[PDB]
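*Asks:* Partial complex follows, first chain(s) only, in situ:
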Amino acid sequence: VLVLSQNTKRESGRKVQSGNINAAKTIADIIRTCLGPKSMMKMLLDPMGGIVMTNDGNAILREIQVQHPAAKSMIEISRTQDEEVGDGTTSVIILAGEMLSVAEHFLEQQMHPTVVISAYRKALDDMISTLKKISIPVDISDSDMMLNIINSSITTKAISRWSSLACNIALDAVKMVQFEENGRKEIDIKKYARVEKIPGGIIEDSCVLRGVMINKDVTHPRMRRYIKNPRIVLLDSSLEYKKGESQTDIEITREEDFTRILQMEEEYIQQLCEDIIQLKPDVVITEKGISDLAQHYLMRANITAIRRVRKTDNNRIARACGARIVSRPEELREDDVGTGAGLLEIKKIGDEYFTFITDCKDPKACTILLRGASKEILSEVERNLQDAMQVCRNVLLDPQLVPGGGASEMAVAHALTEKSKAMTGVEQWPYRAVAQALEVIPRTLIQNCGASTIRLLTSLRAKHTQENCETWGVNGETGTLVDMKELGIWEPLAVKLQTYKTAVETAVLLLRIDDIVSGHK
Amino acid sequence: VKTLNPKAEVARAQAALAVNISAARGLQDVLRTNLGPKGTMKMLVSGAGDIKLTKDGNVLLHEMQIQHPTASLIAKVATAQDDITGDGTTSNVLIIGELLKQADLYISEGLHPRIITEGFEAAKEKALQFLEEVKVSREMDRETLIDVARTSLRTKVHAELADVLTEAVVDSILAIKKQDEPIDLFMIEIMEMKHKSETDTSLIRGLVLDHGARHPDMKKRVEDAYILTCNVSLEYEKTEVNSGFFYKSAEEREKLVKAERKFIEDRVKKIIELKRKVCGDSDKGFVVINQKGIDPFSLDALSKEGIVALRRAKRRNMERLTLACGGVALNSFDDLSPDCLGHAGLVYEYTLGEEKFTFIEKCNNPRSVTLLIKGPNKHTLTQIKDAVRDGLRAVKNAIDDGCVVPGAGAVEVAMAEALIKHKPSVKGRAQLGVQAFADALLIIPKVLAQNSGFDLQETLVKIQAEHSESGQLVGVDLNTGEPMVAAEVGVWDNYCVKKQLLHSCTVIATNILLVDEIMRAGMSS
Amino acid sequence: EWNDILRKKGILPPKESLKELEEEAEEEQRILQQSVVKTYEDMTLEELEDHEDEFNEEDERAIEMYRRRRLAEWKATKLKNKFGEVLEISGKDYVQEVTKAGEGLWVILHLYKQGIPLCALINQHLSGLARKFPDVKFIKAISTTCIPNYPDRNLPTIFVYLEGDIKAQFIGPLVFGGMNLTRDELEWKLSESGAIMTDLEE
């Protein structure tokens, strides 16, 4: 009597939608305390079988495998937000879950999803309109305010105690990978700002080198290790007789070609190295193999040779030393011999030798010296560094700032609550609803402490009404009503605007689910 | 949260706290017994039926079959410490676990751990300035470094091994290319020679290599040897580009065969000519060594010659002999002069079991030397290797700077008293943590009391009341327990050791105590 | 080591099996230990006569209920004690008790020729059994007047009838042969017929 494959399972109704909202909860409850300057650390077991300790949304969730694929959907939006602007992922997740909770209070009374979505559209419209109406600028012309924003960002992070320190370690690294080509398109490539971490050392040892630091070593004892102005060239050819791509097996008939062939290969190496010796070099690095005949030749001329280097490191060194990578030693030009490095440095940071290319002119690609006590520690510091560079870049492309810690978000809740009553229509109830949902933001911040949330909430809600005192938030370490104009907490507008749009839209899209099927290919 | 994935371990705040505390308690209690010249000696068994005798903390961490988050963090941190400094790493875990135990008694009293964290950081800073002001300098001399080496060698091994190895290490660091630039021990190798007594290990000027005449018809002991350092192919080679021979008669076969061994023979004739030019008769030594191989043909061609050849040595061997014998390594024969040659006084061979060795000694000015460990048991060999590594690490951490601090609890009790007196300054319940932080260093001497056999509080109060008007530099005795000044015996320890000790311990304690929830996600149902 | 890696990957060797059998057996062994106290108040009918060593509290609801069920059981069992003497009906009526003997009442239809100590001892044992089970219909007679010219080498033959259906058979002395045969063994055989529930060693 059957019709389709027996593996079919179709379900629908309000019950599965409610199950989806409870899944949203069961995600939202996992992260409810890692928010704000006062945070409570969280550890996770890596799905591959490792260990990880983080306190930001996606980094927590990106290492989480789930069933009931809606949880996968929120993991997807978490990764999207993280790679999108790079902060407040926990904020987006908790907002989405709680405001879905609020919307469920509205769906259950026979109401249709469509009117809810229309209210969602009007709500986000008003949110962005008033945010632009409230977004204020700031001049990007100082160390003061930039380091203040860095402090305000990483106060929610563990490196808050070294904030100013980290500030500088961030700031320098930004200014010396910043590059611009062809009279336009200034670029800040974090990949060129390569991160490296070294065992041992103190936390304060962290710094960005005005040059390039690499994990290699010289390739012969004779080649000296100290050069003040390196005549470096960027080789992209293997040091051996070229094979090419043609077929093989020339036919040997006589006794005067074999050793002749060996000698002609030796002389080919001779010429290939001679065209390099000509330009008076100091050091040479290559991405491929090196022949002993060639190293002997460069030894005769006192030149320094380096074996294979990573292509990303190759490009970074090309940016640093001002040389142009060439794969044609026999077509070498005087145009692109590297010059601009402050010192050749061959040291042993630890027990593995490193090469430290200190530079003397404006570089475009760094290696960051990092010192700590465990790979976990250095990894956490790494994540803090990406947060720092991303937020600094956002400020570089946004002269505007909006206070964090819960002030402007209460303010916009109030503003849109006022805006709701102007029109006439039941749609104001779902619309205004999201603002009520918005009121979740400070709760956790207080709930991270355990203070009397009700009085603080009512006080802030009132204060944001008279004389538009829309600048007051909570001092997280104290959990006390304060004005953000003095505490010094500010975040780039990009992160929170992204939070707005992403949370509202995922709320829009998670409502459209009513019917589900499983068991198919 | 066992709903999103039914198979997933979810533990709340107190669950995570309790499991971390229990793991830390177990680890610290296990490792109490592994410090001091009177610690308990541990035996370990690998996953093959092989036994290692260790007193090292990191070895113990990475030999235990332990699968735990905090234990993993401990293993990583102690690995880094052993990599950087590598001595008294026991102190790391002891401090971390003791601080955990302390802060337990107050978080259990409702103190939210953040406040204890700021108290601990303030204690860090104040103890930092105290140790900075009480750190004392001294010019590095032979006897100073003798005492410094004795410190670590009583730390990690027993008496007589310390007695020989202090001398060994202090002579080892003497041999250096540049006194005024950092030393590195890759030029000073360690080779294991397992046929002699534990007291037969010593230091040998020059290098000794484990591989000998691959074409054995050669001599047995040579003197006043010139050294050839080449990195060229001395064996038959087939060109990378494929090709073949073609003929029509056996005469062509003979011609091609005799012409196919021409290039290598030209190379060896170059070498023989250079040898005879550098020195003719009078039996002057002349040693050729190639990194790459030598075919039996040229092997015999040079073995009929009085020349001795060595092939297939370690890559850093040639790089260090470059400095050691004073020659210059050769990578091809395009030009050559006697300057590139090195020299040595006496070279002899010695056989054992299945392998033989090549001794290079009587260097004109030994700037690279070799440490030889001779012992019966392979695990004994490895333990002595760990001991020599610890000794060289300690002497390096002494020589690199010009400051050193008393050990054996002296400066520990000193900053204990200083922080106790300073605590009235600091504010809030974090003050209590400071006290706990003080109690931190208190673990250090009392375990020695447990490692000595005395009543812990009795000795502790004796040493604490030993304080005169000025801060006495008084530690704990190893035979009477009575308070004794550190300078009189002259046992000290490096500054950055305790510095990074405090750094790592504080930060890891913060990381442990700030956690909120434990998951084991990543299970695909 | 290698074996357990095999175990994660393959099942080529068996060595982790059968460790649940003794586990479940011990579980049931511990479980079955509460049956002694579960029915302590649910078996004895003299516990009222066992005052001052059985009383801790009386809820008077389930315990008076226990008296009620117990008295119903007692009246039901003692209303059936009507027998105890093996009786000698004649062959003329024989059709009327082979069939009209009551449904739900076992009939031990004994046939014999008196004179042999086999038959005499069997008659003694069944007559003594009548003293114990007065709820069983015993029948004794001379088989000659019950079955015409019945073979006298086929006695004593025990018959077990109910509703005209033979349920148990014990034909001749081939299953009773021997003066060593006793009271309890006869009771055991009639219990094995399904009429009586008792216990015996063999």
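*Replies:* On my side now, so go ahead. Numbers count the residues shown, from 1 in each chain, chains lettered A, B, ... in the order given.
*Asks:* of all of chain C, which residue lies closest to chain A?
*Replies:* Per Cβ to the nearest Cβ, residue C:8 is where chain C lies closest to chain A, at 14.0 Å. In short, each C-beta sits where N, CA and C put it, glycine included.
*Asks:* Please apply the same query to the stretch 351-500 of chain B.
*Replies:* Nearest to chain A in the stretch 351-500 of chain B, going by Cβ to the nearest Cβ, is residue B:500, at a distance of 6.4 Å.
*Asks:* ok, now how distant is residue B:313 from residue A:212?
*Replies:* From residue B:313 over to residue A:212 the distance is 33 Å, taken as Cβ to Cβ, to the nearest Å.
*Asks:* What is the burial count for the residue of the stretch 351-500 of chain B closest to chain A?
*Replies:* Around residue B:500 there are 23 other residues, counting by other Cβ atoms under 10 Å in any protein chain shown.
*Asks:* mind checking the SS state of it?
*Replies:* Under DSSP: H, G, I helix; E, B strand; the rest coil, residue B:500 falls in the helix class.
*Asks:* can you pull the contacts of the closest residue to residue A:351 other than its chain neighbours?
*Replies:* Nearest residue to residue A:351, sequence neighbours excluded (Cβ to Cβ, 6 or more residues apart in numbering or on different chains): residue B:83, at 6.8 Å. If you count contacts by Cβ atoms under 8 Å, 6 or more residues apart in numbering or on different chains, residue B:83 has them with A:199, A:200, A:350, A:351.
*Asks:* ok so, going back, okay, residue B:313 and residue A:212: which has more neighbours?
*Replies:* Each of residue B:313 and residue A:212 has its neighbours counted (other Cβ under 10 Å); residue A:212 has more, 23 against 19.
*Asks:* wait, isn't the more buried one in contact with residue A:357?
*Replies:* Yes: Residue A:212 is within contact range of residue A:357, at 4.1 Å (criterion: Cβ atoms under 8 Å).
*Asks:* Can you check which residues contact both of these two?
*Replies:* Residues touching both residue A:212 and residue A:357 by Cβ under 8 Å, 6+ apart: A:317, A:320, A:321.
*Asks:* Neighbours of the closest residue to residue B:316 other than its chain neighbours, how many?
*Replies:* Setting aside the residues directly before and after it, residue B:316 is nearest to residue B:186 in space (Cβ to Cβ, 6+ apart), at 6.0 Å. Residues lying near residue B:186 (other Cβ under 10 Å) number 12.
*Asks:* could you also fit chain D onto it:
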Amino acid sequence: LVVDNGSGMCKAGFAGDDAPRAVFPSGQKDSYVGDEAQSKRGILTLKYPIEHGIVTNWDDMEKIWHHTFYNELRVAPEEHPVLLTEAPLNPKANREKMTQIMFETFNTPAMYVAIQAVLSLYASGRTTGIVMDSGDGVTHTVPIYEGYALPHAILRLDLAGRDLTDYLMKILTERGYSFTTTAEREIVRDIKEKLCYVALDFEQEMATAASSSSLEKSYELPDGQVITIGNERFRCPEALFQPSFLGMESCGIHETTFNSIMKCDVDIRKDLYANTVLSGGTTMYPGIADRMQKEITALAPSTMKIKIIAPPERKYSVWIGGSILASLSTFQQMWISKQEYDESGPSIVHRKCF
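*Replies:* One more chain to add, chain D, which I have set with the ones above:
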């Protein structure tokens, strides 16, 4: 990294996985951005540089390796020990050449690799027993004792299933309708994979297929015809056993196996007698096992016993062996890592000792 460059494939998963996640054919995300589209299609263009059991090219292998686990496997090998496969036999030159490239472009901590025969033996669950490596193009004998392959005990024979098919089509001209084209080569191979069994021997099989003709199987195929009397089927295995069929008259493979076992000490051969498992590559049909059993029993003394083992599926056998060895929990004692790579280079790989 459980990547394994097999006979022609590379399979990437993890040690704990039950299978590799991706294959190596020598538009998942190709409609979102297309970043990896170009890289993967370019790597796809590059060919397989391994033939006959010896490495033949080197630039392309690293070219493929870079992409194959930097764009889908999503792994940093700097934080991982490495476990690849290799061609069945090579001198130390290729090994020490591959070490250089691996380190100089990846700098991975440690390494270990093993011969495919060892991986197959592990997959079958054995640490002992010589396996008949009847690989494509060429076959080899690898007697394994405790796991390590003896450098003095590898024999190589040039027989191949390609050669068997060619010889069949060299005696299929005698069958009337010959077969030589690509389609005809394919159908010969198809019929071979359908029926080329062994009962006992050549002449007795041919008698029962011609005198009584009861071994005939009519071929009702779109690409086939009823042209086999039961001769050609059995005519594939015969040259597999008797060399003089092919015209290259030499000793039998059984002779090579027997010598490669006898040259070793008799005692260890007992363990080699124990399993004596086989491997495919040219053999897929039954009748092989008992026939070679009795054939070598003629060469085997009656006082000692011999066993024949042949699993039906051996497709990921090398991968299974690799996964097992990755969890052996003692193989780390034989890892060659940076502590020796940066100390001695390739010299220790050469076994300067002994």
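*Asks:* Go back to the neighbour count of residue B:186, now with chain D?
*Replies:* For residue B:186, the neighbour count with other Cβ under 10 Å is 14.
*Asks:* tell me the SS of it?
*Replies:* Residue B:186 is classified as helix under three-state DSSP.
*Asks:* Nearest the geometric middle of chain B, what residue?
*Replies:* residue B:389 (3.7 Å; Cα atoms, centre = their mean).
*Asks:* Revised request: answer the last question for chain D.
*Replies:* Geometric centre of chain D, nearest residue: residue D:135, 4.3 Å, by Cα atoms, centre = their mean.
*Asks:* host element of it?
*Replies:* Using DSSP states H and E, residue D:135 falls within no helix or strand.
*Asks:* Ok, residue C:59 next?
*Replies:* Under DSSP H and E, no helix or strand contains residue C:59.
*Asks:* got it, and residue B:376?
*Replies:* Here residue B:376 is assigned to no helix or strand, by DSSP H and E.
*Asks:* which bits of the stretch 301-450 of chain A sit near chain D?
*Replies:* Within reach of chain D by Cβ under 8 Å from any Cβ of the partner chain, the stretch 301-450 of chain A has these residues: A:307, A:308, A:310, A:352.
*Asks:* Which residue lies closest in space to the residue nearest to the centre of chain D, excluding its sequence neighbours?
*Replies:* residue D:281 (4.3 Å).
*Asks:* For the one you found, which three-state class applies?
*Replies:* Applying three-state DSSP: residue D:281 is coil.
*Asks:* re the thing from before, who's in contact with the residue nearest to the centre of chain B?
*Replies:* By Cβ under 8 Å, 6+ apart, the contact set of residue B:389 is residue B:86.
*Asks:* Tell me how far it lies from residue B:368.
*Replies:* Distance from residue B:389 to residue B:368, counting by Cβ to Cβ: 18 Å.
*Asks:* same thing with residue B:149?
*Replies:* Residue B:149 is 21 Å from residue B:368, by Cβ to Cβ.
*Asks:* before we move on, the earlier item: can the residues of the stretch 301-450 of chain A next to chain D go into CSV with extra columns for neighbour count and distance to chain B?
*Replies:* Formatted as CSV, those follow (neighbours: other Cβ atoms under 10 Å in any protein chain shown; distance: Cβ to the nearest Cβ, whole Å):
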residue, neighbour count, distance to chain B
A:307, 19, 12
A:308, 22, 16
A:310, 18, 22
A:352, 15, 10
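*Asks:* now, which of those residues sits nearest residue A:71?
*Replies:* residue A:310 (37.0 Å; Cβ to Cβ).
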